[PDB]
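Report on the following structure.
Taken together, the values in this text are just the output of simple stated rules run on the coordinates, not laboratory data. Positions of Cβ are backbone-derived with ideal geometry, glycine not excepted, and every protein chain shown enters the neighbour counts.
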Number of protein chains: 4
Amino acid sequence: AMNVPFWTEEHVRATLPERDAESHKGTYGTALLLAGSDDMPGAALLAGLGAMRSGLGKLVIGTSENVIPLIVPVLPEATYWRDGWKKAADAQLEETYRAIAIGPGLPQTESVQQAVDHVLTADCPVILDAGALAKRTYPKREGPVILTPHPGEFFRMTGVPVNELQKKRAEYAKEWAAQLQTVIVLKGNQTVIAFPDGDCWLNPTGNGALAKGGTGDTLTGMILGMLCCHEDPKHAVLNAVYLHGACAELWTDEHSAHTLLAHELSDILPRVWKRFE
Amino acid sequence: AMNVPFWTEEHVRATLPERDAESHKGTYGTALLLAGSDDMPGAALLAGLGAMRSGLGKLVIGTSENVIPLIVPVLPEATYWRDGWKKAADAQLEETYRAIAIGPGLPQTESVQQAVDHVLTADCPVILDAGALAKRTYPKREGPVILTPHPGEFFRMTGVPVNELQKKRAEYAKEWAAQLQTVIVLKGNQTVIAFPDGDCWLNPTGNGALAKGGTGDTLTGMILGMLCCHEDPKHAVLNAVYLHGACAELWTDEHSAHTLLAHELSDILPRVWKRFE
Amino acid sequence: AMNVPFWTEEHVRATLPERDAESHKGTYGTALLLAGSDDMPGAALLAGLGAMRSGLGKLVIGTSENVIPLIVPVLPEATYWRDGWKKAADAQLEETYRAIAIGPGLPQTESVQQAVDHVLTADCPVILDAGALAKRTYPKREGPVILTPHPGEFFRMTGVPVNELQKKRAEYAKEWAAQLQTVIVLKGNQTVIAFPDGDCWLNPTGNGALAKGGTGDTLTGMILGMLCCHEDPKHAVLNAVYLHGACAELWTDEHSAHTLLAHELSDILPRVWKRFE
Amino acid sequence: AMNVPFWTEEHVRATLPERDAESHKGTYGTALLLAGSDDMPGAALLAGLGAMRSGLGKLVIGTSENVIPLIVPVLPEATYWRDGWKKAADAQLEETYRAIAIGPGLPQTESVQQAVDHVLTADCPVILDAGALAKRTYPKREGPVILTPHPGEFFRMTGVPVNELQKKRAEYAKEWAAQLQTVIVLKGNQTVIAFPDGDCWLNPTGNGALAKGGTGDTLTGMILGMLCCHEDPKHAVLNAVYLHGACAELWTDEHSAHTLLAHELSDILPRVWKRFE
Ligand SMILES: Nc1ncnc2c1ncn2[C@@H]1O[C@H](COP(=O)(O)OP(=O)(O)OC[C@H]2O[C@@H](O)[C@H](O)[C@@H]2O)[C@@H](O)[C@H]1O
Ligand SMILES: Nc1ncnc2c1ncn2[C@@H]1O[C@H](COP(=O)(O)OP(=O)(O)OC[C@H]2O[C@@H](O)[C@H](O)[C@@H]2O)[C@@H](O)[C@H]1O
Ligand SMILES: Nc1ncnc2c1ncn2[C@@H]1O[C@H](COP(=O)(O)OP(=O)(O)OC[C@H]2O[C@@H](O)[C@H](O)[C@@H]2O)[C@@H](O)[C@H]1O
Ligand SMILES: Nc1ncnc2c1ncn2[C@@H]1O[C@H](COP(=O)(O)OP(=O)(O)OC[C@H]2O[C@@H](O)[C@H](O)[C@@H]2O)[C@@H](O)[C@H]1O
Ligand SMILES: [Mg+2]
Ligand SMILES: [Mg+2]
Ligand SMILES: [Mg+2]
Ligand SMILES: [Mg+2]
C-alpha cells in the first residue's frame, strides 16, 4: 500500500563490511547481551550464538548465574557479567560497549525496565526485544534504539490489536517508529524495518521454517553482532534481518520447513554470508 | 490375519501439512511435554528434540528442576515449567496447549497418574507413554488420548502376556483401543496404529536400528509435534510413526543398524521429511 | 615368535551379528557400566558412547552422582544407577544384566575391588579396566572375565616390568590369561587378545592416532556393547578390538593421526561397521 | 624492516613429527593446562580442545571446580586437577609434565603470579598467556618460557604503548625476547615469533576471521600440545602458530570471515594438519 521497497540482495552486497587482514578484535568491538533467566535460559544461548556469529570482536553475556553453565560448552568464546541484567537495574554501565541488546528470555517486569533505562544512558546502539518490550517512551540519546516486536509485542507496546496491525503492517510500524523515535523491526513474513527518520524497508527473505520458538532470539543476536561490524547501524539491522531469512531459505532446499531449530540458523549463516561477499 | 492395511508413502504424501509463508508460530501451537526425572533425565531431551523437530510452534517442557540444565545446551528453543509433571499432580492446567505428552522418563507412580488425570481435563490431544502407562480407564473428553506401549507396557495395561500378544498384535491392539476408547500405537516391527473408532493401520517403515533405548521417547515427541501441525490428529500419529521408521531406514543405507543412537533420528528427520513433500 | 594369528577382516565379516527386523531391544540386552568419578568423569561418557554405539539394547550407567549431568546431553539414551559403582561395593547386584563393565575413571582402591567382587557373582561376562585392574585372583564363575590392561596396568597386575613385557607381549599375555583364567586384551600396537583356554590372536588394525587419553575407555564400552549383540563373547571381544582400530585407520585417511579425539571413534564406528556387513 | 623471514610451508612440512605405529601415549607426554575461572570459564575449554587436538598423549586441566563440568561433555578425554591453578599458588608441582600452559581465563592477580613462579620450577617448557602475563622477570631454568601477548598485553608487560609497538613489531618483540630471555609470540596479522637466542620469524598464515574472542586461548592449547609431540620446542611454537592461521584460511574458502567461532579452529585442524604431512 505504501510501496515500501525491499532490502534486496544488491543492497546487502553493497553494504556488508570487509574483515581486513590488518584488523584486530577491537576494530569489531565488544557487545553486551543482557538475556536469559532461570525458566527461559535458552534465549541467552540463541542470542549469544547469533551475536558471535555475526562479526563482533568480543561478547559479554550478562545472564543469570544459573544460565552461565548452559552456555559455555556451546559458546565458550563468550565471557560473562554474572547476574548482569539484574545488576543493570541498579546502576549505570561502567564499561563501554559497541552495542547492547536486552530482553531475550527476560521477564516483562519493572526491574527489566529499570535495566533498560540504565542501558540507554550508554552512547551506543541498543536493541530491545522480548521481555524488554513495553508500552513506554524513550529518551533523546546518541545511538539508535532498535525494537524488535512480533505482532503480539507490538500490541503490548502500542495498543494496536494484532488483527488490525496485520492489515496495515508497514503503516503502523512507520507511524510508531516516528512516534517513539526508535527503529522498529516488526516481525513476520515480509518483516518491516522502520526507521525514525521515515526510511522504511521490507525484508524479502525467509519462510515458515522461522515460525517456531527461538528464531527471534537468534535474530536479536545477529543484529547485535552486525551493529559491531557495520559502520552504519541501519545497514547492520537490514543485513541481519535479510541474512537471517536467507538462512531459512537455504535450510528448506534440502530440509522440511517444519523441522528447523533456531540455533541452526547460526550454523548456516557462515556459508550464507559467504555467498553475499 | 485381519488384513490391516499399511499406512503407505502415498498416504503420507497426501496428508503431510504445508508450512505457509503467511504462517506464524501460533498457527502451529504450543505443546507441553511432561517428561524426565532425576534418574531417567534423558527421555525429556529425546522427546523434546523429537517434538521441536516435528512442526510445532513452541514447546514447554515440564520436567524436574535438575533435568532442565541437561536439555538447554542441546535444545535451547524449549522453555520450561519448573517441576511441571509434579505440579500437574496437584491442579488443572491453567494454560492452553495444542497437544500434551506425558510419561517419558517418569516413574510408574500414582502421582504420575494424578498428573494424567489433570492433563485429561484439557481439551487437546494427549499422549501417554512410558511411566504414564498403567492399567486404568479414561474419561469421555473431546480430544484423543494416544497410548504408546511397547509389548511389556501393553501387558501392564491389559494383562495380555507378551508371548500371547505377539501372536495376534493387531487383534489385541484393536480390541483394547475399542475397550479403552484410546488410540493405541503398539510398538514393534510393523507397529500397529489402532483407533477407537475401529480404523487400524500397520506401519511399514523401520528396522532393528530402532531396537535400542530412547527411540520410543523420540517417537513420543515426534507425535507431539505432528499433532500441532496436522489438522487431523489421526494423520499426525500415522505420519509420526511412519517418518520415525523412515529415519532408521535412511540411517542403515550407510551405517550399521547396530550403531544408531535415538537422538540421531531427530537429526535425520529434516531430510527424510523433505523427501515426502 | 609364537606365530599368533591375526583376527582378520574375513573373521570379522563371518562373525558380526545381524540385527533382524523381528528383534526388540531385549534381544540385545541391558548392559551395566560402572565408571566415572569426580576427577575422572569423562571415562564414563567415553565408555557409555562406545557401549551404546555397539549394538546393545539398553545401558545403565552406575556413575557418581555429579557425573550423571555430564553424560546426559551427549548420550541421553542411557539411564542411571545413582552412585552405582560405590553402591556395588556394598551388595550383590539385584538386577540381571547381559554384560557388565567396571573401572574406567575409577580410582585404584579397595572399595572398587569390593565392587568387582560383587559384580563377579552375576552370571554374565564382566570387563575389568583401569581402576578395577589390580594384582588379584578371580573366582570360578560361568561368564568370562575380560581384563583390558595397557602395559603399565599389566605390570601392576603381574609384576612383569613394562620393558620386559614388551619384548614378549603375546607370551606374557597368554601365560597370565592361563594363570588367572581370564581373557586378557593387552593393549598396544598389535593388541594381544589372549583367552584362558589358550586361544590367542593379534589385532591387525589401528595406528598411533589411538595413542592418546580416552581411547581405551572407548574400547571398554565397545566390548561391553558387542558382548550384548554377539552370541559368542570371544567374537565380541575380537570384533570390538578390530573395529576400534579400524576407526582410527578411517580417521587417518583424511585427518592427521596427531589430532583424533577418542569420542570420535564412536562417531566413526557406524560407517566402519557397515563396511564389514 | 629487519627482514624477518616467514616460517613457510616448506619449514612446516620438514619439521612436523610422525606418529609411529610403535608409539604409545607416554611417547607424547602429559600436558598440564592451568586455565579457566568462574567468569571466564570458556578459555579452559578452548585451550583444552586446542591442546588435545595437537598431538599430546594426555591432558590434565587444573581449573576451578565449577568449570570442570563445562568441559567434560565436549572434551571427555581430559582429566582434572581440581582447583589446580589456585593450588599451584601454594606449592611446587609434584607430578612431572611434558609441558605446562598457564593463564587463559585467569585473572591478572598476584596469586596467578605465585602459581607462575611455582610452575617455573618444573623442568619443562612453559607457556604464559592472558592473565599470567605481567610486567616481571624470569628465572634461569632449563626449559623455554613462551609468552603469548596480544599488543595490549605487550604494553602491560613492557610499557611500550600499542600505537608505538605496532610500528615496529618485530624490533620490539626481538628486543624484549632478548631482555626477558623468553620466547615471545606477539599476536596480530603477521604474528612475530621471537626467540631469546635472537632467532625470529613471522607467521604467514591467518586472516581477520581470527580477530574475535577465544582464538588466542585456542592457540595457547595448540602450542601446548605441539610442545608434547615435537622434539624441538621452537618448531612446536612455529608450527602451532602456522597451522592455527592455516585453519582460519581454510574456513574462509567457503565461510565468511566474520562468522568463525574459535572452537571451530580445533575442528578444522585435523584436516589442515593432514595436508602438511
Ligand atoms: N512465515 C514466516 N516467514 C518469514 N519469517 C518468519 C515467519 N514466521 C516467523 N518469521 C520470523 O521468525 C522470527 C520470530 O521471532 P519471534 O516471534 O521473536 O520468536 P522468539 O521470540 O524467538 O520465539 C518465541 C519464544 O520461544 C522461545 O524459544 C523464545 O525464547 C521465545 O520465548 C522473526 O524473525 C519473524 O519475522
Ligand atoms: N525391529 C524393529 N523394527 C522396527 N521398529 C522397531 C524395532 N524394534 C523397535 N522398534 C521401534 O523402536 C521404538 C521402541 O520404543 P520403546 O520400546 O518405547 O523404547 P524407549 O522407551 O525409548 O527405550 C527404552 C528405555 O531406554 C531409555 O533410553 C528410555 O528412556 C527407556 O527407559 C518403537 O517405535 C518401536 O516400534
Ligand atoms: N600405536 C598404536 N597402534 C594401535 N593402537 C594403539 C596405539 N597406541 C595405543 N593404541 C590403543 O589405544 C588404546 C589405549 O587405551 P588405554 O591405554 O586404556 O587409554 P585410556 O585409559 O583410555 O587413556 C588414558 C587416560 O586418559 C584419560 O582420557 C582416560 O580416562 C585414562 O585415565 C588401546 O586400545 C591401545 O591398543
Ligand atoms: N587480522 C588477523 N590476521 C591474522 N591473525 C589474527 C588477526 N587478528 C587476530 N589474529 C590472531 O588471533 C589470535 C588472537 O588471540 P588473543 O588476542 O589472545 O584472543 P583471545 O585472548 O583468545 O580472546 C580475547 C578474549 O575473548 C575471550 O573469548 C577470551 O577468553 C579472551 O578473554 C592471535 O593468534 C592473533 O595473531
Ligand atoms: Mg521474540
Ligand atoms: Mg518406551
Ligand atoms: Mg586405560
Ligand atoms: Mg588472549
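Can you classify region B:1-125 as rounded, prolate or oblate using the Cα gyration tensor, where a ≥ b ≥ c are the square roots of its eigenvalues, rounded means a/c under 1.5, and otherwise it's prolate if a/b beats b/c and oblate if not?
On the way: a/c = 1.68, a/b = 1.39, b/c = 1.21.
Verdict is prolate for region B:1-125.
List the GluC sites (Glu not before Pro) within region D:77-174 that DSSP assigns to loop and that have no more than 11 neighbouring Cβ atoms inside 10 Å. Before the final figure, lay out each step's value.
Working: sites: D:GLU77, D:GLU94, D:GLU95, D:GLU110, D:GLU142, D:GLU153, D:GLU164, D:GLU171; in loops: D:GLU77, D:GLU94, D:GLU95, D:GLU142.
Loop-located and lightly packed - D:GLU94, D:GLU95, D:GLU142.
Label position 7 Å from Cα toward Cβ: report the copy-to-copy distances for C:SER111 in nm, one decimal, ordered from shortest.
2.8, 2.8, 4.0
How big is the antiparallel share of DSSP beta bridges in chain C, given as a percent to the nearest 5? Provide the component values of the computation, followed by the final result.
Numbers: 7 of 27 bridges.
Of those bridges, close to 25 percent are antiparallel.
Please go through region C:79-114 and write out the chymotrypsin sites (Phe, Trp or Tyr not before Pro) that DSSP classes as loop and that have at most 16 other C-beta atoms within 10 Å. Please report the intermediate quantities before stating the final value.
Working: sites: C:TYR80, C:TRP81, C:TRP85, C:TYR97; in loops: C:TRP81, C:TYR97.
Filter output for region C:79-114: empty list.
Take every DSSP beta bridge with both residues inside the protein assembly as shown and express the antiparallel ones as a percent of the total, to the nearest 5. Before the final figure, lay out each step's value.
Values: 28 of 108 bridges.
Looking only at bridges with both residues in the protein assembly as shown, the antiparallel portion is about 25 percent.
Quick one: check the C-alpha center-to-center distance for region C:220-253 versus region B:80-140, whole angstrom.
Cα centres, region C:220-253 to region B:80-140: 42 Å.
Under a Cβ-only charge scheme (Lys and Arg +1, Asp and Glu -1), can you give me the dipole magnitude of chain C about the Cα centre, in debye to the nearest 20?
Values: 24 positive and 33 negative charges, 79 e Å.
Rounded to the nearest 20 debye, it is 380 debye.
Enter the mean projected area of the convex hull around the alpha-carbon atoms of the protein assembly as shown, in nm², rounded to one decimal. Before the final figure, lay out each step's value.
Values: hull surface 172.5 nm².
Across all orientations, the protein assembly as shown yields a mean hull projection of 43.1 nm².
Mind running the shape call on region A:168-228? Use the C-alpha gyration tensor, a ≥ b ≥ c as the square roots of the eigenvalues: rounded below 1.5 for a/c, prolate if a/b tops b/c, oblate otherwise.
oblate
Just check chain D against the gyration tensor rule for me: Cα atoms, a ≥ b ≥ c as the square roots of the eigenvalues, rounded for a/c under 1.5, and otherwise prolate or oblate depending on whether a/b exceeds b/c.
On the way: a/c = 1.30, a/b = 1.07, b/c = 1.21.
The shape class here is rounded.
Per residue of D:209-220, how many C-beta atoms from partner chains lie within 10 Å of its own C-beta, taken as a mean?
Working: counts 2, 4, 13, 13, 13, 9, 2, 1, 2, 2, 0, 0.
Other-chain Cβ atoms within 10 Å of each residue's Cβ, averaged: 5.
Answer with one residue from A:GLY245, C:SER256, B:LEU93: the one whose Cα lies farthest towards the positive end of the charge dipole of the protein assembly as shown, charges on Cβ with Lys, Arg +1 and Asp, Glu -1.
Projecting each Cα onto the dipole axis, the largest value belongs to B:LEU93.
If exposed means no more than 16 neighbouring beta carbons inside 10 Å and the site is in a DSSP loop, what's the longest run of chain D without any exposed trypsin sites (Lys or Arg not before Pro)? Display every interim value, and only then the final one.
Numbers: sites that count: D:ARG82, D:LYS135, D:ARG136, D:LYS140, D:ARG141, D:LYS167, D:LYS168.
Result, exposed sites excluded: D:169-277.
Determine the percent antiparallel among the DSSP beta bridges restricted to region B:125-196, to the nearest 5.
Details: 3 of 8 bridges.
Rounded to the nearest five, the antiparallel share is 40 percent.
Label position 7 Å from Cα toward Cβ: report the copy-to-copy distances for A:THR27 in nm, one decimal, ordered from shortest.
For A:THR27, the other copies' label points sit at 4.3, 4.3, 6.0 nm, shortest first.
In D, who owns the beta-carbon nearest the axis carrying D over to A, and how many Å from it?
Per the Cβ-to-axis criterion, the result reads D:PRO73, 4.
Mind putting a number on the dipole of the protein assembly as shown about its Cα centre? Charges go on the C-beta only, +1 for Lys and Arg and -1 for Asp and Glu, and I need it in Debye to the nearest 20. Each step should come with its number before you reach the end.
Details: 96 positive and 132 negative charges, 25 e Å.
Dipole of the protein assembly as shown, to the nearest 20 debye: 120 debye.
Would you mind listing the distances between the C:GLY198 label point and the same position in each other copy? Use 7 Å along Cα-to-C-beta, nm, one decimal, shortest first.
In ascending order, 7.1, 7.1, 10.1 nm.
Under 8 Å for C-alpha pairs, at least 6 residues apart: give me the relative contact order for chain B, rounded to a whole percent.
Details: 603 pairs, mean separation 58.1, N = 277.
So the answer I get is 21 percent.
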